[PDB]
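Everything on this sheet refers to the single structure shown next.
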Amino acid sequence: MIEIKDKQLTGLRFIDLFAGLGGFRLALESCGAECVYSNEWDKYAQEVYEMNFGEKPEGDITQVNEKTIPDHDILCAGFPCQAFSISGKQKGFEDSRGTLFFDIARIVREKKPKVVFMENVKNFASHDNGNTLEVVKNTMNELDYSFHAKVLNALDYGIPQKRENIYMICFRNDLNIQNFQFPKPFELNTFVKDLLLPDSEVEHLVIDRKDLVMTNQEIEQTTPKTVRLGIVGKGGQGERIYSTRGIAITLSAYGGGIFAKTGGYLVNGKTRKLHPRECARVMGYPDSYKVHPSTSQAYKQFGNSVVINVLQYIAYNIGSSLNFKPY
DNA sequence: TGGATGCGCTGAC
DNA sequence: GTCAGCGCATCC
Ligand SMILES: Nc1ncnc2c1ncn2[C@@H]1O[C@H](CSCC[C@H](N)C(=O)O)[C@@H](O)[C@H]1O
């Protein structure tokens, strides 16, 4: 994450729904905002959350009475994506994990915050011929909010990862916010090899598979794209090896393959997946963030998370728009 | 809501 | 045809 000198969100209160690692909390707090409520039902996510913020998030949002939720100015929610991701079965709203948005609508309808800041996977924008996004748009609209949605790639915001996600910013209508803008892309100057830990700390991640098939030549020049160098097995998910001179592939929560949830990388002649701390860095998390003691749970959490830097630039722009109140 | 890995199919070229 | 995906079902 980056440093924010102008705390655009000072004095504002927000809630952290589907909290996970608290990515939205880090981003909004760096802008001066105050978290007044968090909700996360996963046991291990709750532990790492408390480990970093000192509070245990409330469980199952579907069982929480929205009237009990504290007053807040900004509602943050990176809701479940398994049902909309290009990597899943795309059952969408028909999935028991695909209807969490209506819980968000329920909370908004009752708490009516100034802003609703949501995030989901790229395919969310195309799912069901665009009907899924349309439904969220109309729901927000009839809830009396404006709807700003756009898919941003983390590689355009200083993070070496081709992670694309849809960001949806909603302003209450009575606020007449007419100058909100998604952050503009800038040149990437950080690559995977810049975030890697020393070899001595990741030796245990070195995999020597005799079915490795290097398909491409290593590149000596850094590039803002993923560069596949080879595969193992059939080259499916978690079976692809990339260059550390390029950018990382999207970190995943339930990913499979020998290089599960991170992808494989060529590092000083050996192939290995990423270390939880490297996943943290690829997601824009500061080294001060405490990862979960279970590497398995940490991989799942970072793969489910958000890119801090991207949320910071957005949060900053949300605050800039809310603070523009000329006579 | 364990940890691990082989997998298959969709989306966007 | 190329290839990447906050995934999936199964195994222990
Ligand atoms: N019914 C429910 N109640 C509360 N939390 C839920 C939930 N269904 C899913 N979740 C939580 O929703 C999260 C979605 S992924 C969001 C991660 C978050 N942005 C962070 O930065 O890491 C998961 O952690 C999941 O456990």
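All chains are named by letter (A, B, ...) in the order of the sequence lines, taking the proteins before the strands, and each is independently numbered beginning at 1. All values below come from the heavy atoms of this structure, side chains included, with hydrogens, waters and symmetry mates left out.
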Could you go through A/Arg163 and A/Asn153, starting from their C-alpha distance and side-chain angles, then the distance that decides it, and tell me whether this counts as side-chain contact (heavy atoms from CB on, under 4.5 Å)?
CA-CA 5 Å; A/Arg163 199 185 190 80; A/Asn153 193 317; 5.6 Å; no
Can you check whether A/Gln297 has a side-chain N or O nearer than 4.0 Å to OP1 or OP2 of B/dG2?
no
For a quick check of understanding: with a heavy-atom distance under 4.0 Å over all strands, which category does A/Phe79 fall into, base, sugar-phosphate or nothing?
base
In this structure, how many angstroms lie between the P atom of C/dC6 and the CG atom of A/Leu311, rounded?
16 Å
Write down the distance separating the P atoms in C/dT10 and B/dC9, rounded off to the nearest Å.
14 Å
Looking only at the aromatic ring of each residue, does the gap between the centers of A/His72 and A/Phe14 stay below 6.0 angstrom?
no
Rounded off to whole Å, could you give me the NZ-to-P distance for the A/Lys273 and B/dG3 pair?
11 Å
Euclidean distance, atom NZ of residue A/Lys225 to atom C1' of C/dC3 [Å, nearest integer]:
14 Å
Quick one: A/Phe84 CZ to C/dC8 P, roughly how many Å, whole number?
12 Å
Whether A/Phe84 and A/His127 hold their rings parallel, tilted or perpendicular, with breakpoints at 30° and 60°:
perpendicular
Determine the interatomic distance between P on C/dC8 and the same-named atom on B/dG2; round to the nearest Å.
14 Å
Select base, sugar-phosphate, or nothing to describe what A/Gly78 touches, counting heavy atoms under 4.0 Å on all strands.
base
Please state the P separation for the pair B/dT10 and C/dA9 - nearest whole angstrom.
14 Å
What class does the angle between the rings of A/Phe93 and A/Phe102 fall in, given that below 30° is parallel, 30 to 60° is tilted and above 60° is perpendicular?
tilted
Distance below 4.0 Å between A/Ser85 side-chain N/O and C/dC6 OP1 or OP2:
yes
Between A/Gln90 and A/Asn123, is any side-chain donor less than 3.5 angstrom from a side-chain acceptor?
yes
Using ring centroids (six-membered ring only for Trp), state whether A/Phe147 and A/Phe171 fall under 6.0 Å.
no
Hey, does the side-chain of A/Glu119 have a donor or acceptor N/O within less than 3.5 Å of a partner on the base of C/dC6?
yes
Under a 4.0 Å heavy-atom cut-off, which of residues 246-266 of chain A touch DNA chain C?
A/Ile249, A/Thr250, A/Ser252, A/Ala253, A/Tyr254, A/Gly255, A/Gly256
It should be established whether A/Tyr242 places a side-chain nitrogen or oxygen under 4.0 Å from OP1 or OP2 of nucleotide C/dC3.
no
Provide the distance between the two P atoms, one in B/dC13 and one in C/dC6, to the nearest whole Å.
15 Å
Please name the residue in the list A/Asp16, A/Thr68, A/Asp71, A/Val64 that meets the side chain to side chain contact (heavy atoms under 4.5 Å, CB included) test with A/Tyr37.
A/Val64
Using the rule given for side-chain hydrogen bond (donor to acceptor under 3.5 Å, both in side chains), can you reason through A/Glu187 versus A/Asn189, listing the C-alpha separation, both sets of side-chain angles and the distance that settles it, and then say yes or no?
CA-CA 6 Å; A/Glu187 176 186 52; A/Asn189 207 25; 5.8 Å; no
A/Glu47 CD to B/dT1 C1': how many Å, rounded?
10 Å
For A/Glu218, does the CD atom sit with more than 12 other heavy atoms under 6.0 Å from it, leaving out its own atoms?
yes
C/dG7 and C/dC8 stacked at 5.5 Å and 30° limits
yes
Starting at the 5' end of DNA chain C, what dot-bracket string do you get if Watson-Crick and G-U pairs under 3.5 Å are bracketed, crossing pairs use [ ], other-strand pairs use | and unpaired bases use dots?
|||||.||.|||
Among C/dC8, B/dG3, C/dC6, the one nearest any side-chain atom of A/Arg97 is C/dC8
Identify whether the distance between the nearest side-chain nitrogen and carboxylate oxygen of A/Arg25 and A/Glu55 falls below 4.0 Å.
yes
Here the distance between atom P of C/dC8 and atom NZ of A/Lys300, to the nearest Å, is 11 Å
Students often mix this up, so state it plainly: with edges at 30° and 60°, are the rings of A/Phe302 and A/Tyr285 parallel, tilted or perpendicular?
perpendicular
Do the charged groups of A/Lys111 and A/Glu66 touch, with an N to O distance under 4.0 Å?
no
Calculate the interatomic distance between A/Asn165 atom CG and C/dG5 atom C1'; express it in whole Å.
11 Å
Does one hydrophobic cluster hold both A/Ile166 and A/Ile169, with members joined at side-chain heavy-atom distances below 4.5 Å?
no
Just the rounded figure in Å: distance from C1' of C/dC6 to CE of A/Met283.
7 Å
Would you give a per-nucleotide map of nucleotides 8-13 of chain B, 5' to 3', where B means the base has a protein non-hydrogen atom under 4.0 Å away, S means only the sugar-phosphate does, and - means neither?
B-BBS-
